[PDB]
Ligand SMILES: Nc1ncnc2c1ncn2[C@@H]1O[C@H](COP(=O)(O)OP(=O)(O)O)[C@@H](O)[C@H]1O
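Here you get one chain, nothing else, as structure tokens; it is the form deposited without the named molecule.
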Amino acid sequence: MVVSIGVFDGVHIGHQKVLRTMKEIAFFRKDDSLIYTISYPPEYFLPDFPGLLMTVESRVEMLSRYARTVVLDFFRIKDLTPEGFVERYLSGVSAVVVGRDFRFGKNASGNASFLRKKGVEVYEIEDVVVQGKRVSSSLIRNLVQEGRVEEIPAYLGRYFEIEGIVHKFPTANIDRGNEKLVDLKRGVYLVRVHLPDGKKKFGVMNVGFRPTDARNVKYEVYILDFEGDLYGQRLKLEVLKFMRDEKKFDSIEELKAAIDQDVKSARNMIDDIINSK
């Protein structure tokens, strides 16, 4: 099979390059296509990891739009020798498509080189470069932490997204799940809210330390022109623009005022977008 192998956290434009190339290679080699997505990169378990751009589930759903997608369980492959990885995951595979410096097996002893020696052809995909920077999940995770959401589409191929369930003064508190995900810079954001039933609304989302565990961040959105409790429902939010830093108000009024100011600003932004016919 022609098999793409990588993490693909975020499925950014560099990943899309790998996947499109795999499909073309599959077409001319007349082989089938398969994407192996490693559940977590090794850095994920280290203390300073910023967090994934999205859950593995969201990721697989996106990868699946390109080809059959199989998750490689980090815990199941980290200890394998290069030999055992090939024997167990690449039997009958004649070609793999991976990014440069791809590594595998315990102590990262496996590489494209080793694969070629086992008769596998390896197509190493060069990184995609955007405005002088190499597109990578790390770069995108850093933009999220710096709240630089308008610059994200040029690297990710779309706006950064926050996703989760509600709950678990009307705002929807988004539970993003139990996976370690990158957090947006604390503050207020203009968001496009994809509700269930296909409706799309705009929202003003606040991101703030709500300690209650420490690097614990809360995501609550005030959806514009929408009532009805989405409590228990799944939401997806495109993070469009950083509006203002988080603030420490001195009691239920200047907050209200600040919020009112956020919505007002949002309304103006939306109206600007609309007028850009």
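Residue positions are given as counts along the sequence shown, with the first one as 1.
From this point on, the text means the form solved in complex with the named molecule, which you will not see here.
With the site C-alphas superimposed, the ligand pose in the entry with it bound sets the named molecule onto this chain such that three or more atoms are within 2.4 Å of backbone or C-beta atoms; a blocked site results. Proximity of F226 to the named molecule in the entry with it bound falls within the 4.5 Å heavy atom cutoff. Shown alone here, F27 lies farther than 4.5 Å from the named molecule in the entry with it bound, counting heavy atoms only. At the 4.5 Å threshold, heavy atoms of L230 reach the named molecule in the entry with it bound. In the entry with it bound, the named molecule lies within 4.5 Å of some heavy atom of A172. The stretch among 64-72, 218-226, 27-35, 49-57 whose residues place heavy atoms within 4.5 Å of the named molecule in the entry with it bound is 218-226.
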